[PDB]
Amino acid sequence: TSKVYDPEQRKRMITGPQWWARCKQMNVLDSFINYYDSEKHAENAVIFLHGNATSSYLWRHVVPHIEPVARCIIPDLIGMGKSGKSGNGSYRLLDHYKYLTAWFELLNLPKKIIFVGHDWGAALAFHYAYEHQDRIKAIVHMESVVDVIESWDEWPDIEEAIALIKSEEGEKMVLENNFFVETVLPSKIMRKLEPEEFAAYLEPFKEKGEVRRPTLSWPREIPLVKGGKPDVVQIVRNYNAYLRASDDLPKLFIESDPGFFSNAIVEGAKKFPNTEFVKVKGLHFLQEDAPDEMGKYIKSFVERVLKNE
């Protein structure tokens, strides 16, 4: 079987170099962050955070829907997209968080921020929110790291999968074969990407070896209490308890099709109060199959949050 191009998508395609020319760079700590900033309507800030395998490019067709109502800021996480590399070559959640929060300090942000998070980008938003509970206006999340995986909540073979990614076989899958870009990314998009769109995702990780480390380090942070990184399990424990009790924080959850990793996410998200639920037909990288539906859903949600404020 093979997937097929969307015949109407090529008309509006934005290549990597087209996107990267639209971005800015700012030095941050011992490195720098590449990011997109629509600048206008700076009274609010909507910060879009990608997760593993991707970059700010993931949001290119989503963000135009929100720009008319709020300043949109979209970083490439450290070591990803066109950003700088981490000073110590470490790419754990806390390394990403260190660069992200230092970048926030330089952005002239409003007091209360709106976050839109996918995958580990949602973990970063949730952790920031837990540590800055007075800085959060609303959180949109999707395919998110919502909670830990307790021993009794393990589903069949999650043990196998995490042992695989933490093994040397997993390291070679990523560092040598570029598993998350070459395999996972296209496998979790329903359409076939245009060659230029795939090239934009490949470009940061085109060379073999250690440059692909961020895409290996992210899954190894998974908060499986059985053998998971204790610091990340505690981080997720803390922000999950905060989210479960955050009755006054408006949230939007965008659901996609069920998957091997997906079922724990949706059940965890329904434990957070004040959550508006919506659905798009897509897989994990749902931005590539329903960007306009997503953008219109986020826009209505932001409009409702602001008007009701």
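The numbering used is simple: start at 1 and walk along the sequence shown.
Is the mean CA B factor in the deposited entry higher across 222-230 or across 139-147?
Comparing 222-230 with 139-147, the higher average CA B-factor belongs to 222-230.
Per the record, averaged over C-alpha atoms, which has the higher B-factor: 155-163 or 232-240?
Higher mean C-alpha B-factor in the PDB entry: 155-163.
Which is it among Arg60, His50, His284, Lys270: the one with the largest CA B-factor in the entry?
Among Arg60, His50, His284, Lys270, the highest C-alpha B-factor in the entry belongs to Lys270.
Consider only the C-alpha atoms of the modelled residues in this chain, order them by B-factor as the entry records it, and name the third containing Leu252: lowest, middle or highest.
Middle third by C-alpha B-factor.
Using the B-factors in the PDB entry, rank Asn27's C-alpha atom against the chain and give the third, lowest, middle or highest.
It falls in the middle third of the chain.
Once the chain's modelled residues are ordered by C-alpha B factor and cut into thirds, is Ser217 in the lowest, middle or highest one?
Within its chain, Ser217 is a lowest-third residue by C-alpha B-factor, going by the deposited values.
Of the three thirds of its chain by CA temperature factor, lowest, middle or highest, which one includes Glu288?
Ranked within chain, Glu288 CA B lands in the lowest tercile.
Lowest, middle or highest third: which one holds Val280 when the chain's residues are ordered by CA B-factor from the entry?
Its C-alpha B-factor belongs to the highest third of this chain's values.
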